[PDB]
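Understanding the architecture of this molecule
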Amino acid sequence: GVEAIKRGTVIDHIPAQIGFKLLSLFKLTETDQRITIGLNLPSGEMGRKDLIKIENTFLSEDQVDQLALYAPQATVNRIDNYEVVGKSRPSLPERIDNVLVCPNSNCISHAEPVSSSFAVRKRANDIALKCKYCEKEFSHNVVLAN
Amino acid sequence: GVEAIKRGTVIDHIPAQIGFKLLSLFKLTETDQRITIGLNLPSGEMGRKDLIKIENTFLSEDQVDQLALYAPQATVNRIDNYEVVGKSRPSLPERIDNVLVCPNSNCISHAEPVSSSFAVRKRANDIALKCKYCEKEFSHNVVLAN
Amino acid sequence: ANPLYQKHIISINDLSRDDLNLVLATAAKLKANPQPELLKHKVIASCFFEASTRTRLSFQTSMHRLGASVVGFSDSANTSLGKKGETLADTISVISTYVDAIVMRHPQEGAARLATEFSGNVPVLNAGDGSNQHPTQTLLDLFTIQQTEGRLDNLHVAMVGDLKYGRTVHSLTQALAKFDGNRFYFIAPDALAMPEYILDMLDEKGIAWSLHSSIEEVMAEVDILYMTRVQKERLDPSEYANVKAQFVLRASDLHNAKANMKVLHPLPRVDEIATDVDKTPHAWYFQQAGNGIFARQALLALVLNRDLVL
Amino acid sequence: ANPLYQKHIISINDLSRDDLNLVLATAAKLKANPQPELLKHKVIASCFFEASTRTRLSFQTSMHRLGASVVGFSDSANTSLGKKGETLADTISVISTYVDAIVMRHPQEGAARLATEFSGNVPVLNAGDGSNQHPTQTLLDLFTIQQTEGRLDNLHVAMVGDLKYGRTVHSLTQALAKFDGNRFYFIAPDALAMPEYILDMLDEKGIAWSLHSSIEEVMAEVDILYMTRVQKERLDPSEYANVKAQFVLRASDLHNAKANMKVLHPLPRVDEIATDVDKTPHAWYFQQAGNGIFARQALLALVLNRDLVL
Amino acid sequence: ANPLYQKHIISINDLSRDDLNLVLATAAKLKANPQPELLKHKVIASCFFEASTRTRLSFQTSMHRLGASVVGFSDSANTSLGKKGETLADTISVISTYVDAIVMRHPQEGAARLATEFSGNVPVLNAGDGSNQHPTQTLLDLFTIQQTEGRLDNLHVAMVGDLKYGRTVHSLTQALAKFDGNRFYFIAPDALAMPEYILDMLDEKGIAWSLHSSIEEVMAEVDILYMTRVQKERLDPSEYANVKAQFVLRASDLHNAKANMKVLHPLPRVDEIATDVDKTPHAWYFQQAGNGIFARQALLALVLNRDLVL
Ligand SMILES: O=C(O)C[C@H](NC(=O)CP(=O)(O)O)C(=O)O
Ligand SMILES: O=C(O)C[C@H](NC(=O)CP(=O)(O)O)C(=O)O
Ligand SMILES: O=C(O)C[C@H](NC(=O)CP(=O)(O)O)C(=O)O
Ligand SMILES: [Zn+2]
Ligand SMILES: [Zn+2]
């Protein structure tokens, strides 16, 4: 095939240059289990893909939800005994907890001991994130950006 | 195996959990070219080595040496059409430029638009790093920011 | 239990048209037939982390008219939060072990929502959080409109000034779009326009709104001309261009005005309302303030009393 | 007359084990069966010359729960002492002609003893004087120990942090050495060690105490782990070395802890108690604060009432 | 050409015993035989970004005495770096298009070195960089020891004070380690001890040093007592304990001293050297200062004039 594992997770269709980001954000690397990463692998569709393979490890419930935001094209494959026992595609949740940072500088969110939380709303142009504290709504493009 | 290239470079034997680090620092992952990373794989001598493979790319001697800081056990394989043409092992470099940051808060190095630069020296346990600028010498341990 | 019984009054987005209606009904009722002891034996904390003249004194006056006691601060500088480095989470955790309701005004948006997470059973009332919300202003504002117009529907409302930082107009807008047929006209320097999140709402709810470059172009058709002060203290330096009021109302511009039309202003006013406006029958900002007493008296009575029989 | 009837509560060194016992008995009693009018018709002055969140609001809450009125300041800056150059002797002389009890917190040690010399018949209650005493903290602290441990004797108590400037631990130490069999373990940066005058006392009274370099070395045997914040505002510059907390408690260090062991802290906490400790059943600092209400309610009732029949 | 001809003088670390001796021989020559027009037609920049009395004035007197012209600043506030926010790189970039050499003092370690990178063919002379180096200081120091001791080898050298931030001892220690049979005694508070990087080299070069806790366990055996001032403006709060001189010298401690023994100090002195010493024949700091003129003259001559002096 390309990297058959017995039992693990496999993320494929990761927009180029996002494979590394995810290996970092997800915490995929804080493990002792064999990981295989393929960067700048070709895709017939929009041109290049990254693919990650984790052995004896499955993606948290949230984790696949954060994917929605990042690699909204990603396909998460479950495997058991070298078999694709299950195949999931990420869907936009309703609210994202403690991974996002409110772009509103005057939010209490920054100064105090709380976890960020945003309400998700799939618009027509982008995703709209609403800060649970400040109540201001931003474009996921602004929230997610460096 | 893991994934074989026709040309490029193979960095075999990256002490476990350093494969990630190096992909970071020497920015080895900021290309439109095929990288193949295997984290946590074995082979007798030491139970889990990280292997990084960049295709259509060749490391220098300077670049190869810098690696000595993180993985003095490594092996860079220089591939020119499927088989292993050149093979070099890292050797403590004379100095490390631009990658690190001086831990001296008062270094002029922080304020102004110069490239960080350190002279690498052998002590006993560790490697001492001496800022080109402030002339203060640090431990390889502390230079790397925490 | 009434619907408002022991609820946190944080954002107008969290209350329904009925909730709003229950407060004006009760406000209307306390105004005519006072109750000097509904809150007998209750201690309310009044915690102002930001300056206030009206919001704090009306709330404290309201508290005493109803027989409750008050403890609190008007300056966070002498708290252990101001001098020993204590977080708001810890401040609220301990004050909530002492009192029955907590009224708080804070400089950061969402300060009041956060308090709800540390207070336990103690209702938090938002007296303003940054440029976010001002729900208790909106209750005294609705009460004033209703009283001078006789309805909360099919009105023609104009909001002028700083719409961006105006926690007051953020709340009022969401409150009136809960009623049917309201038409909005927004006049503001571009830099200080109404946040899009509110506009997105009028749009969804298919409410008619328009932007105007002048007061005068809408003068002959508003029922309410809602003026706001430029939030000088909230501006970013790039916005210092806007420190002075772009739209100033003078007696003379009320020439065209409908006879029933009233000029409201959350107060304080800087230079946006000339004092000659004060002598016209349109000027209603001082009666609006006074109404903060009845609307804040009615909210405290509902949060804290399971059944109100008046 | 009760023993505490019209006494000045300045230093824990001036009260006996029985005095202490009368307050916990009464505190215990007001907690179960409240008295909304013991202090009906009394005006108490609340004079804070130093920042306070808990000490002042709990005292003022306590005052109102008991029907008394309050006048005072939370900032000496607007007094004539702050602006016209008046001494404390003159301040206390005139305030004592107006009120029934005076609660005062001041930045200088002995500020409260001095007031007793100018107040006449008016009881002065020390809400803290510099790094000297904090008797009312000690009453709510004793009440909390007793309540969670069931005794004030034979306990194993650890005091951590700034022991030097800690008016709180100066008072608690003297209070518990009044009981039998208490064993103390002091953990503090050297610069911030317990004054020798207190140590001299444990020694005289032949009380067992020890100094430790870590929390962990005593973790498995304390009944109470009393944490304190570094008195940043009291330090001398030579001590700026000590501004950061040397001992920090985290959920993880409670692994060894006895099941009954409770973590107390006069509050506010900076970084010495990680917030993960908050979710463990050992964390008792917010219930400790709450108890300031019952202990301060009981002290005001005794000083001001000749006979309390509850 | 002369070995130092058009070379930057940034650190003692970069000069060889050879370089050093050349400067000293030249200094002696000029002290004897002044050259008033040696640098006639040169214009040197005297750029001070930090306080100075001796280094700046002495450097400027030397320029004048050799016939050079001087442009510069003694404060950076009125420089475009001061008020318009220009980087130092841009500042050396243009300044190096006007003068024949740049003398400079700066508060950050490595400023001298950074300027070498943007000055072209224009030499940079380090008048001090943060707490790093002070090479022209070591030069007049070396000139003084030789002058008063007769050699630079087989010297017993005590360095008291702040060795952690004293750029003067860094430089001098590396200068004398370049000579043979020198013996070092280091007397400092533990917070201000001689940097590790400096001992490491003493070790390797196999040079002998010891730490003492008093000026007196070494008085009877030193040739040179090199006192220093606590670099009060370099400490962080954590070190404020150490602001006051821990080691003070009085004429009285000079009781067991050899007769050749001289007390040096880069100056200024606060209290580490009492004024009664000024009278004893061991006091050489004013003489030390005066020599700055010869050593600073010899340096410029060498760096700006191809050919050896007469
Ligand atoms: O400040 C204003 O312009 C509007 C509004 N004002 C009020 O609440 C009146 P006050 O500041 O007296 O309580 C505010 O949002 O705080
Ligand atoms: O300040 C502390 O760390 C301890 C103690 N704190 C308290 O009394 C609580 P507060 O300052 O809110 O009244 C003090 O001595 O004032
Ligand atoms: O400042 C001292 O303690 C040492 C030394 N001082 C001198 O150079 C003399 P000045 O500061 O007058 O130029 C220095 O490092 O600046
Ligand atoms: Zn936010
Ligand atoms: Zn440096």
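Along each chain, residues carry numbers from 1 upward in sequence order, and these need not match the entry's numbering; residues missing coordinates do not appear. Labels are handed out in written order, letters beginning with A for the chains and numbers beginning with 1 for the ligands. Here the displayed chains are drawn from a larger assembly, and the quantities reported describe the displayed chains exclusively. Note that water and hydrogens are dropped before the side-chain values are worked out from all heavy atoms of the structure.

By the method listed in its record, X-ray crystallography, this PDB entry was determined to a resolution of 2.5 Å.

1. Re the site of ligand 2
Here, proximity means that at least one heavy atom of the residue falls within 4 Å of the molecule or strand. Taken together, 15 residues lie near ligand 2, and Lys84 of chain C together with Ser52, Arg54, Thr55 and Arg229 of chain D sit nearest. At the site occupied by ligand 2, nearby residues are drawn from chains C and D. In protein, a polar contact means a hydrogen-donor-capable atom and an acceptor-capable atom, both N or O and within 3.5 Å, with residues adjacent in sequence counting only if both atoms are side-chain atoms; elsewhere, any N or O pair within 3.5 Å suffices. Within the contact set of ligand 2, an oxygen atom lies 2.6 Å away from a side-chain nitrogen or oxygen of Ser52 of chain D. Take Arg229 of chain D: an N or O atom from its side chain is 2.7 Å from an oxygen atom of ligand 2.

2. A short note on the coordination of the zinc ion (ligand 5)
Residue and element names in this part refer to chain B. Shown as donors are all N, O and S atoms within 2.8 Å of a metal ion, widened to 3.2 Å for Na, K and Ca; because water is not in the atom set, sites may appear incomplete. The protein atoms donating to the zinc ion (ligand 5) are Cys102 (SG), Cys107 (SG), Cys131 (SG) and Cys134 (SG), with metal-donor distances spanning 2.0 to 2.1 Å. Geometry is assigned from the angles between donors: four donors with all angles from 85 to 135 degrees make a tetrahedral site, four or six donors whose opposite pairs exceed 155 degrees while the rest stay between 65 and 115 make square planar or octahedral sites respectively, and everything else is labelled irregular. Of note is the zinc ion (ligand 5), whose four donor atoms meet at the metal with angles of 105 to 114° in an arrangement that counts as tetrahedral. Considered as a linear motif, the donors of the zinc ion (ligand 5) on their single chain read C-x4-C-x23-C-x2-C. Pair check on accessibility: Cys131 and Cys134 agree, each one buried. With a 1.4 Å probe rolled over the protein chains alone, any residue whose accessible area is under 20% of its type maximum counts as buried; one over 50% counts as exposed, and the rest are partly exposed.

3. Let's talk about the site of ligand 3
Residue and element names in this part refer to chain E. In the neighbourhood of ligand 3, 15 residues make up the surrounding shell, with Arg54, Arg167, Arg229, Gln231 and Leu267 lying closest. Interatomic distance of 3.0 Å between a side-chain N/O atom of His134 and an oxygen atom of ligand 3. The separation between a nitrogen atom of ligand 3 and a polar main-chain atom of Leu267 is 2.9 Å. Only the protein chains shown count as covering a residue, and every accessible area follows the Shrake-Rupley method with a 1.4 Å probe. Relative to its free-state accessible area of 390 Å², ligand 3 is covered by the protein chains to the extent of 94%. Here a strand is any run of E in DSSP of at least two residues, a helix any run of H or I of at least four, and the numbering for each starts at the N terminus. Going through the elements one at a time, α2 (54–65) and α7 (167–176) are the ones with two or more residues in the shell around ligand 3. Its residues assigned to classes, the shell around ligand 3 shows four nonpolar, seven polar and four charged. In this count, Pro and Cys sit with the nonpolar residues alongside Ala, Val, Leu, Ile, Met, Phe, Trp and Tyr, while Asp, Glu, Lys and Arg are called charged and the others, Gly among them, polar.

4. Some words on a nonpolar patch on the surface
Residues enter a patch when their relative accessible area is above 30% and they make no salt bridge; the linking distance is 9 Å between like charges and 5 Å between nonpolar side chains (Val, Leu, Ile, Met, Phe, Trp, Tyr). For this analysis, a salt bridge means a side-chain nitrogen from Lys or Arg found within 4 Å of a carboxyl oxygen belonging to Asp or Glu. Taken together, the side chains of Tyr240 of chain D together with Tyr240 and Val243 of chain E make up a nonpolar region of the molecular surface, amounting to roughly 230 Å² of accessible area. When you line up the elements, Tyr240 of chain E lands in the loop between β8 (224–226) and β9 (262–264). A relative accessible area of 32% means that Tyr240 of chain E is categorised as partly exposed.

5. Details of the relation of the copies chain E and chain D
All copies share one frame, set by a least-squares fit on their C-alpha atoms. Relative to chain D, chain E is turned by 180° and slid 0.0 Å along the rotation axis, the superposed coordinates differing by an RMSD of 0.3 Å. Such a combination of turn and shift is consistent with a two-fold rotation axis. Only heavy atoms matter for contacts: two residues are in contact if any of them lie within 4.5 Å across the pair. Take the interface residues of chain E: 100% of them recur as interface residues in chain D, which is what a same-surface contact looks like.

6. A look at helix α7 (residues 167–176) of chain D
Residues separated by three or four positions in an α-helix point in the same direction, a consequence of the helix having 3.6 residues per turn. Across the ten residues of α7 of chain D, ten count as buried, placing the element largely inside the fold. Within α7 of chain D the residues assigned to the buried category are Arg167, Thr168, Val169, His170, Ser171, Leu172, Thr173, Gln174, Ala175 and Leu176 of chain D.

7. A look at the arrangement of the chains
Highest in contacts among the five pairs of chains that touch are chains C and D. There is a gap between chain B and chain D: no contact, and a shortest C-alpha distance of 19 Å.

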